[PDB]
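Beneath this line is the structure, given in C-alpha cells, with notes to follow.
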Amino acid sequence: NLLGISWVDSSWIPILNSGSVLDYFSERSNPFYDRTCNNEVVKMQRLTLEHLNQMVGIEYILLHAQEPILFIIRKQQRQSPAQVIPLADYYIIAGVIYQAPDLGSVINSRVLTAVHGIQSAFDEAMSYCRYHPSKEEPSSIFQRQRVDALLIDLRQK
Amino acid sequence: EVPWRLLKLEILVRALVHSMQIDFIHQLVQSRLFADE
Amino acid sequence: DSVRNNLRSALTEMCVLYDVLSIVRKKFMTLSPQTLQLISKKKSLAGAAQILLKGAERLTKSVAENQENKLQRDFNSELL
Amino acid sequence: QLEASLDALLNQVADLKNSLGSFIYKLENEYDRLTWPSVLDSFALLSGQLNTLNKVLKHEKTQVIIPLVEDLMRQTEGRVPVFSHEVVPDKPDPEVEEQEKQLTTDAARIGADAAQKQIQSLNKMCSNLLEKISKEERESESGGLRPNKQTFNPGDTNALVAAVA
Amino acid sequence: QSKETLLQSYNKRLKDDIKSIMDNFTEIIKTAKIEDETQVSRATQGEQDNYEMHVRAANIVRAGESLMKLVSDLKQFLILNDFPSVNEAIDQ
C-alpha cells in the first residue's frame, strides 16, 4: 500500500482523537479479516484473551496506534508482536528490504514479453525479407602504380 | 573576395578497368590546398 | 523502424528477467495440475502449434509452386 | 537451491538479448532489418532458456511466507540493512496486474463451463497416441547399428592380377 | 577443400538438426504437467511453461524446415552442379 511512499495526509481524519486510528484500522478494506483472530491488542480474540486479532490471517488491526497520519501497525500474523516480518517491504531495524517482490509474477511477465518480442520479430522478418526458399582488383599495375603514386607524392608533398 | 583553392582533383590519362581510387592523391591535394602557399 | 521496436521489446523482457532474478536472489521444505486452466493452456498450445505448422506448410507450398513453374528455377536448377 | 541456476540462466539470456538489441539498434540505420542477422539464433537461445526455466521449475518437489533464516545475509553479503536500504533505489506493471486478474478470476478470464474441456480431452488422446507411435518408432529404429557401404573388389583382383610367373 | 568431408559434415549437421527437432517435438508432446511444483504462482508458472513448450515446438519445427531446405540446396550443389560425372548430355 503506502509502504514505499512518504506522504503526509492529515485531512483524512478531521478529529485527531484516540479512537480514530483504531476505527480506521478496524475497517476491513477491501478483503481484510474481521475480529476473529487471536493476538493483536485486547479486544476480540476468542472465548479467550490472547490479545485481540493477530492469529494466522490478514492482521489489519491497530497494534500501534498512530493517530497523526494513519495507523502504522505491522501485520505480524503470528503469536508474537513487534517483529519485522511483514508481507510488504517494511522493517524495524533501521529499514531493510525483504522478499516481498513476487518472483513468479515477474517471471510470467518476462516470459510474456519474450513471447511478444518473438512475435514482433516474426512479423518484422516475414513481411520485409525472404523467409521461404526464395572491377576493383589491384592485381593490375595498380599493385605498383599505387606505390609509384605514393613515392611521387612523398617526393612532392 | 575570399580567393578559392582547388579542393579535389581527377586524373583522366593497358587494361580496361584502370583505377577508381583517388584517395591518397585527393588527400595530398587537400593538404596542398590547406597549405595555401 | 521495426528494429527499434524489437530492441525495445527485448530490453523490456531483459529488464523483467533481471528483476525476477534479483527478487529470486520451486523450493519445497521438510517438516499446472489444476484440470481447469490446464485445458485452456493445452488448447492454446495446440492452436499455436497448428498455426506454426500451417505457416510451414504455406512456405512449403509456395516453394513447390515456385519449383513447378519452369521459368524462374534460379534455385540451382537453371544453374544446373 | 535450484532457483539460483534458473536465475543465472535468465540473467545470461537477458544479457545476450541486451547485447543483440544494442547491436541491432546501433546498426539499425533507421531501417527495419529483416534478413535474420541473429533472429534465428536469438529465437533458439530464447527457446532454450525457456525450456531450461520450465525444467528447473518442474524439476522436483524438493500473505507471503518468506524463507525464515542472517536472513538478509543470503542476498546482501554482510547483513547490512542500512546499506541495503541505501542501495535499494540504485514501473507501472499493468500487464502483471492483468495476468494476476486473469489467473485469479476463473484461471482463464473467459468462460467457466463453456471451456474446451472436450477439446482438451481430444488433444490429450491425440498426444497419447502420438507418444505411443513415437515410442514404437524409437524401439524400431534403435536396432540400427551402422549403414555399411559396398564398392568394387580390388583386393581380390590384385592377387588375381597376372604377372610373369 | 575436403569435399567428401564437407558433405559428411553437412549430412551430420542435418542429422543432428533432425534429431533435435524430433526430440523437441516429442518433449512438447509430453506436456501433461501433472505436478504442482510451482509454489509462488502455480497458474502463472503453468501458463508460462505451456507457452514456453509451444514456442520451443514452433522453434524446433522452424529449425527443422530451415535445415531441410539448406541441406537440400547443399546436396543439389555438391551433387548436380559439382560432380555431374554423367556428362553424357555433352555428347548428346
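Chain labels follow the order of the C-alpha cells: the first chain is A, the next B, and so on; residue numbering restarts at 1 in every chain, and ligands are counted from 1 in their shown order.
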
Inset, instruction - Output as a ChimeraX atom specification the set of chain E residues within 10 Å of chain C, with distances taken over only C-alpha atoms. - result: /E:28-29,31-59,61-62,65-66,69,73-74,76-77,80-82,84

Legend entry - Members of chain D assigned alpha helix (DSSP H) by DSSP, as number ranges by chain: D: 3-26, 39-57, 81-87, 94-105, 117-141, 154-159

Go ahead and write the residues just picked, C-alpha atoms, as a compact mmCIF listing (two decimals), in the first residue's frame.
# COMPACT_ATOMS: atom_id res chain seq x y z
CA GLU D 3 16.33 -21.24 -8.15
CA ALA D 4 19.87 -19.84 -8.35
CA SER D 5 20.62 -21.75 -11.55
CA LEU D 6 17.39 -20.60 -13.20
CA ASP D 7 18.08 -17.01 -12.14
CA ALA D 8 21.61 -17.18 -13.55
CA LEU D 9 20.31 -18.63 -16.83
CA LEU D 10 17.70 -15.86 -17.02
CA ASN D 11 20.35 -13.21 -16.35
CA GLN D 12 22.59 -14.67 -19.06
CA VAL D 13 19.70 -14.75 -21.55
CA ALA D 14 18.86 -11.15 -20.64
CA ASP D 15 22.47 -10.05 -21.16
CA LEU D 16 22.58 -11.82 -24.53
CA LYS D 17 19.30 -10.20 -25.58
CA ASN D 18 20.57 -6.79 -24.47
CA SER D 19 23.77 -7.24 -26.49
CA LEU D 20 21.73 -8.31 -29.53
CA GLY D 21 19.38 -5.34 -29.15
CA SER D 22 22.30 -2.94 -28.84
CA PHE D 23 23.93 -4.42 -31.95
CA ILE D 24 20.63 -4.15 -33.83
CA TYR D 25 19.86 -0.58 -32.70
CA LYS D 26 23.35 0.83 -33.25
CA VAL D 39 16.87 -13.64 -35.25
CA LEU D 40 17.17 -17.41 -35.71
CA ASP D 41 19.95 -17.64 -33.12
CA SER D 42 18.12 -15.31 -30.73
CA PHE D 43 14.91 -17.34 -31.05
CA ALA D 44 16.84 -20.56 -30.45
CA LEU D 45 18.50 -19.07 -27.36
CA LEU D 46 15.16 -17.80 -26.05
CA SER D 47 13.52 -21.20 -26.56
CA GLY D 48 16.45 -22.91 -24.84
CA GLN D 49 16.30 -20.53 -21.87
CA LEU D 50 12.53 -21.02 -21.59
CA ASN D 51 12.90 -24.81 -21.71
CA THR D 52 15.64 -24.66 -19.06
CA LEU D 53 13.45 -22.48 -16.83
CA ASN D 54 10.49 -24.84 -17.25
CA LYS D 55 12.72 -27.82 -16.42
CA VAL D 56 14.12 -26.07 -13.34
CA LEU D 57 10.60 -25.18 -12.18
CA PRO D 81 20.32 -3.30 6.46
CA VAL D 82 21.32 0.37 6.10
CA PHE D 83 23.50 -0.40 3.07
CA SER D 84 20.68 -2.46 1.56
CA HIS D 85 18.19 0.37 2.08
CA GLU D 86 20.65 2.88 0.60
CA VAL D 87 21.37 0.72 -2.48
CA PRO D 94 -0.14 -3.14 -15.71
CA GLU D 95 0.48 -6.39 -17.57
CA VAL D 96 1.38 -8.13 -14.30
CA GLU D 97 -1.89 -6.95 -12.74
CA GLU D 98 -3.83 -8.05 -15.83
CA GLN D 99 -2.24 -11.51 -15.69
CA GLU D 100 -2.95 -11.77 -11.96
CA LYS D 101 -6.59 -10.82 -12.55
CA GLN D 102 -6.90 -13.31 -15.41
CA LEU D 103 -5.42 -16.07 -13.24
CA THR D 104 -7.48 -15.21 -10.15
CA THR D 105 -10.92 -14.62 -11.71
CA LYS D 117 -12.54 -29.47 -21.78
CA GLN D 118 -13.71 -31.80 -24.56
CA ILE D 119 -11.16 -30.34 -26.98
CA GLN D 120 -8.56 -30.76 -24.23
CA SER D 121 -9.50 -34.42 -23.80
CA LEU D 122 -9.30 -34.99 -27.56
CA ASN D 123 -5.88 -33.30 -27.60
CA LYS D 124 -4.73 -35.48 -24.70
CA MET D 125 -5.87 -38.63 -26.51
CA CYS D 126 -4.09 -37.48 -29.67
CA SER D 127 -0.95 -36.77 -27.64
CA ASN D 128 -1.10 -40.23 -26.05
CA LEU D 129 -1.47 -41.82 -29.49
CA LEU D 130 1.44 -39.76 -30.84
CA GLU D 131 3.58 -40.72 -27.84
CA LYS D 132 2.81 -44.40 -28.39
CA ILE D 133 3.66 -44.09 -32.09
CA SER D 134 6.91 -42.27 -31.28
CA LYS D 135 7.88 -44.91 -28.71
CA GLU D 136 7.20 -47.65 -31.27
CA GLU D 137 9.26 -45.80 -33.88
CA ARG D 138 12.13 -45.36 -31.41
CA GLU D 139 12.05 -49.04 -30.45
CA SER D 140 12.05 -49.94 -34.16
CA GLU D 141 14.90 -47.56 -35.06
CA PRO D 154 40.37 -54.53 -55.85
CA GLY D 155 41.84 -56.62 -53.04
CA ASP D 156 40.95 -59.90 -54.73
CA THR D 157 41.81 -58.83 -58.29
CA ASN D 158 45.22 -57.62 -57.06
CA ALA D 159 46.32 -61.13 -56.09

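Distance-wise, CA of residue 120 in chain A and CA of residue 16 in chain C end up 17.5 Å apart.
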
Inset, instruction - Pick out the chain B residues within 10 Å of chain A. Count only C-alpha atoms. Give them as a ChimeraX atom specification. - result: /B:14-22,24-25,28-29,31-32

Legend entry - Using only C-alpha atoms: which of A:147, A:116, A:93, A:134 has the shortest distance to chain D: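 Counting only C-alpha atoms, the residue closest to chain D is A:93.
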
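Between CA of residue 12 in chain C and CA of residue 113 in chain A the interatomic distance comes to 6.9 Å.
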
Show me a table, sorted first by chain and then by increasing residue number, of the residues of chain C having an atom at most 6 Å from chain A, each with its shortest atom pair and the distance in Å to one decimal, counting only C-alpha atoms and written as a Markdown table.
| residue | atom | partner | partner_atom | distance |
| --- | --- | --- | --- | --- |
| C:9 | CA | A:117 | CA | 5.4 |
| C:13 | CA | A:113 | CA | 5.0 |
| C:16 | CA | A:110 | CA | 4.9 |
| C:17 | CA | A:110 | CA | 5.3 |
| C:20 | CA | A:106 | CA | 5.1 |
| C:23 | CA | A:103 | CA | 5.8 |
| C:24 | CA | A:103 | CA | 5.9 |
| C:59 | CA | A:132 | CA | 5.6 |

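Taking CA of residue 13 in chain A and CA of residue 95 in chain A as endpoints, the distance between them is 27.0 Å.
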